[PDB]
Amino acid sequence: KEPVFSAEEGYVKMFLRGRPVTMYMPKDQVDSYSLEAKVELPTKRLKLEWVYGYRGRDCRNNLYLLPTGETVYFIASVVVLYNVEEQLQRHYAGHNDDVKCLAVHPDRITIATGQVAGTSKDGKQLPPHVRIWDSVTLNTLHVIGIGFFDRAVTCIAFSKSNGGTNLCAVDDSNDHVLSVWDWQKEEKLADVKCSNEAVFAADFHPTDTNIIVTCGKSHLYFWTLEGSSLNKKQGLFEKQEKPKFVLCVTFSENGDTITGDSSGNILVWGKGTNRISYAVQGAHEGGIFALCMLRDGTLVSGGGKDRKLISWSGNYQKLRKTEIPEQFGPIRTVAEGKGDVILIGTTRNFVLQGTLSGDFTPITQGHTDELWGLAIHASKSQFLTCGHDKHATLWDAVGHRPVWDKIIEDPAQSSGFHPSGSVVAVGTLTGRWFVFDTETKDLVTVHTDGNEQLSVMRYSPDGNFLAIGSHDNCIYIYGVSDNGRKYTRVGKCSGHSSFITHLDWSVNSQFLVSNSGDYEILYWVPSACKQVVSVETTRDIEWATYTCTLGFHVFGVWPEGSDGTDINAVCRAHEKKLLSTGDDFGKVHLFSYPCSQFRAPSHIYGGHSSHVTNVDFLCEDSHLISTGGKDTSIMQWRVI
């Protein structure tokens, strides 16, 4: 139930599920501690400033370029409007889980977005829905088919003939229902089982608002909107062998349907027909994931496997060709820029800006797998992320771009900077760890301690020791000299019955705290690799950092009835009296410090899709950095 206070022993006992965890307060606090006392809201707030990463790996048709100079895409639960020239981001966060599709209205301003089904902190199932909003005011305009869609809204599009008064969508109902709406009236015009296999696109005909084309696994149908029914007319390849997948679709100025497929074939279908009139055979070696009709009649072609970006004439004759540096990976989306500008989104979550000629450089990028590793620079406005994708990235937090990106052998899980700022440590899931040169990226040392996951990598405030948390239930201690460049194994702290979740050094570099899977709080003298069991000595210790979720100064960030695994991360600002957490429900919280009373108030901030895995303030408390875990993203909140 509720936590209990002990005057005689000077502690509060909080309850995680059943088991109680005993947290000791300082002696000077015991005299007037009130269990029923409240902790205030923080004096500051957070404001999303930047999202890192682009969801390209497992999504299509989610890259656009508004006439305002804002590149629009999404990732996790946030839609990003990125003005490359101004280096500024704006965000629409109306959704409460992963955005899956996005379409821009013919008006160039009204946007529409879809979403997967949710699961909340309770957690019940939050149905998938569509949102129509204004890109100018970022105000929501309508909320469509709240109870109607199932699983997720994967495809969406405005009709372009009439002025986009209509909208079509496709859920993942396993019957993949296709529906049409008068979005401005929030009314459903009609619907019908579009397919029983994955459908990858749905789009209105440029000149006739009554026709929707959908494509996907062995599927290219032509739907006609008659009153409140959809009439299906399958595509008849005839002389062309039907491709495994029809990946994408668009339309010529003359109203023909144009199709890219698994085979690498650009197929033209005559206006009004359900049959192929022209066929670029083997336009690409691999499959064709992106098609884009430039304003000037040029058709641009994007190859998945072959990484080629081909320019085609109005008459489908090869005009120009480029290859995207293989580092970026296979193309997924293409969008028309201003002038000769072209944008590409890749399977590796890069968004490149180049030209048909063409010099493609990233303007956005991020991790492509589950992310847990976060470390902040002691003196510079930089930070390091490292994930299961084997990348360790050193970010510039003012430029919002990597300083460098090291690719290591094994999936990374944790990291830490040396207080000097000269080197940075990186832990992996194997028990192996590395140190790299902040400046040069050169390796500095490698070591293997245990064979399990290294959850935590932290130097002591004085930089004389490295404390390494392992899932084998031990904490490995190294002595560090020559400014983080020389190491020597001091020994091991053992006594935990479970994997190490969190560590903190004391201000004087003498002590260390521990949290574990058991939910026990242990203390240590790393220099001696021995556990300090005596209360009177550890209770009044003053700690350098507060990344232990289990502790008296920090408890109360925990919600009632909370489960031990509900909060992945906690941290304190360096100077300001703030705490921040990341929970298993995609939420970042801002509390005041200290947070030592039950049911602490907090400001809650959404964006991350699943689990906020880590959280940490920049060195001047200018920003908070969160990691999204499976959602792949890094989010940069500014303190206001």
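Just count from 1 along the sequence shown to find any residue number.
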| item | value |
| --- | --- |
| Entry-level comparison of average CA B-factors, 295 to 303 and 75 to 83, reporting the higher stretch | 295 to 303 |
| Between the two ranges 214 to 222 and 457 to 465, the one averaging a larger CA B factor in the entry | 214 to 222 |
| Out of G272, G387, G260, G366, residue topping the C-alpha B-factor column of the entry | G272 |
| Criterion, highest CA B-factor; candidates, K100, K121, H553, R131 | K121 |
| For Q531, the third of its chain into which the C-alpha B factor falls | middle |
| Among modelled residues of the same chain, the CA temperature factor third for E9 | highest |
| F15, C-alpha B-factor rank within chain (lowest, middle or highest third) | highest |
| Third of chain Cα B-factors occupied by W558 | lowest |
| B-factor third for the C-alpha atom of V398 within its chain | lowest |
